[PDB]
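K.L.:
Mind folding the following:
(4 chains)
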Amino acid sequence: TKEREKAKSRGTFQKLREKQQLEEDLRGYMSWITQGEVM
Amino acid sequence: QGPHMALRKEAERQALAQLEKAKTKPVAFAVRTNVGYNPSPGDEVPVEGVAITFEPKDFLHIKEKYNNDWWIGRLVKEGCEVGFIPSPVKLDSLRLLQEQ
Amino acid sequence: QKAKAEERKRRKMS
Amino acid sequence: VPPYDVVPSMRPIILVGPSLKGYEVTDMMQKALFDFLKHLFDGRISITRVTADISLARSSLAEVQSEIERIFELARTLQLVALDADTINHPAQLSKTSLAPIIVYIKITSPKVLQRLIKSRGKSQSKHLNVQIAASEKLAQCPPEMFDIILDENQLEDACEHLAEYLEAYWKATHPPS
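P.N.:
Numbers count the residues shown, from 1 in each chain, chains lettered A, B, ... in the order given. Shown next is the protein structure:
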């Protein structure tokens, strides 16, 4: 916990929160295409 | 009194029968409201109790036209029934009586 | 996803 | 000032706000949404393709109003109306006519993902980087309560759980039980 909560304040909540929210959103961009290209 | 109740109470039931016979009629035209209004006791309401209220920016699916002072229509809302819509000339009549 | 999903519910319910 | 304005009895459904239309980015995101509402509400919807700019009452008055009165015809049988309008990119763009359509606002929750979407469309849309982010910002500058339906969901089913249930709550609002 001590080795976390030092560096947990630095950059590790702002790296993982975005890239799992952008991962939903990268698929959130491609799924409106692939249901709109077929039918 | 007794000579005034022979015609006033036979108009409330006749306007209630017109109100019941317009719910199944198809929607003619809908309006967009700009101001707010609620029913009052002195608004010359034909059936006292069955009038509807609208605030600014509401919708009213008007079914038919009862007279020159009240329309018949329903509110666009879950579960709401038909009601007495005041006409724009009724909305013109209500404000000038607030001055006179 | 607890502070997001039920905030998608606070928009729909009102 | 008139208090009542002649609007259609069933409001036309409009899908907008991801960014500027007239591109491969914004239109192909919306084309997936027109496919969902075609077969889910099949038999109780009227989906059309809009050509002339209806923010004018370019095209003359007669070619637009004859299309506005076609929307007036599609409200007579008491069914849903849907518009594929290709130039609508603002809330107050459709505030001056007598239609009042349903403003479904597709919300891209992160502005950086849009320009990653842009580099996924090849180099055709890579020439149009900052011009899409203008009204992507301006619609994000508009207040969300002025709109009608907001879609911030990345997956198909979660944007479509709102897109079906909200109008199903709107259909029961327009139509009373016997």
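
K.L.:
From now on I want contacts and neighbour counts done on CA atoms only, so please keep to that.
P.N.:
Fine.

K.L.:
Quick check, central residue of chain B?
P.N.:
Against the mean C-alpha coordinate of chain B, by Cα atoms, centre = their mean, the closest residue is residue B:84 at 1.8 Å.

K.L.:
That one should be in a strand, yeah?
P.N.:
Yes. Assignment of residue B:84 by DSSP: H, G, I helix; E, B strand; the rest coil places it within a strand.

K.L.:
Tell me which stretches of chain D form strands.
P.N.:
If DSSP state E is used as the criterion, the strands of chain D fall at D:4-7, D:12-16, D:45-49, D:80-84, D:102-106, D:149-151.

K.L.:
Could I get these in TSV, plus columns for mean neighbour count and distance to residue D:37?
P.N.:
As requested, these are arranged in TSV below (neighbours: other Cα atoms under 10 Å in any protein chain shown; distance: least, Cα to Cα, whole Å):
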stretch	mean neighbour count	distance to residue D:37
strand D:4-7	17	23
strand D:12-16	23	10
strand D:45-49	15	8
strand D:80-84	20	9
strand D:102-106	20	13
strand D:149-151	21	14
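
K.L.:
buried stuff in stretch B:75-88?
P.N.:
The neighbour-count check on stretch B:75-88 (16 or more other Cα atoms under 10 Å in any protein chain shown) flags B:75-77, B:80-88 as buried.

K.L.:
do you know which of the strands of chain D lies nearest residue B:62?
P.N.:
Among the strands of chain D, the nearest to residue B:62 by Cα to Cα is strand D:4-7 (10.7 Å).

K.L.:
just checking, what packs against that closest one?
P.N.:
For strand D:4-7, the helices and strands in contact under the criterion 3 or more Cα pairs under 8 Å, 6 or more residues apart in numbering or on different chains; DSSP states H and E are strand B:29-33.

K.L.:
Centre of the chain to the strand it packs on, how far?
P.N.:
14 Å (Cα atoms, centre = their mean, to the nearest Å).

K.L.:
just the CA coordinates of the following helix or strand past that strand, formatted as CSV?
P.N.:
For strand B:29-33, the following helix or strand on the C-terminal side (DSSP states H and E) is strand B:59-65. Extracted in CSV, the C-alpha atoms of strand B:59-65 (Å, rounded to 0.1, in the frame of the first residue of the first chain):
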residue,chain,number,x,y,z
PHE,B,59,-47.8,20.1,-26.2
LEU,B,60,-51.5,19.6,-26.7
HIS,B,61,-52.9,17.1,-29.1
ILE,B,62,-56.2,18.9,-29.8
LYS,B,63,-59.0,16.5,-30.8
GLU,B,64,-61.9,18.8,-31.7
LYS,B,65,-63.3,22.3,-31.1
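
K.L.:
Check which element follows strand B:59-65 along the chain.
P.N.:
Using DSSP H and E, the next helix or strand after strand B:59-65 towards the C-terminus is strand B:70-75.

K.L.:
In the sheet, which strands lie alongside that next one, parallel or antiparallel?
P.N.:
Paired with strand B:70-75 in the same sheet, following DSSP bridges, are strand B:59-65 (antiparallel), strand B:82-86 (antiparallel).

K.L.:
So for residue D:42, which of these sits nearest?
P.N.:
Closest among the strands paired with strand B:70-75, using Cα to Cα: strand B:59-65, at 23.9 Å.
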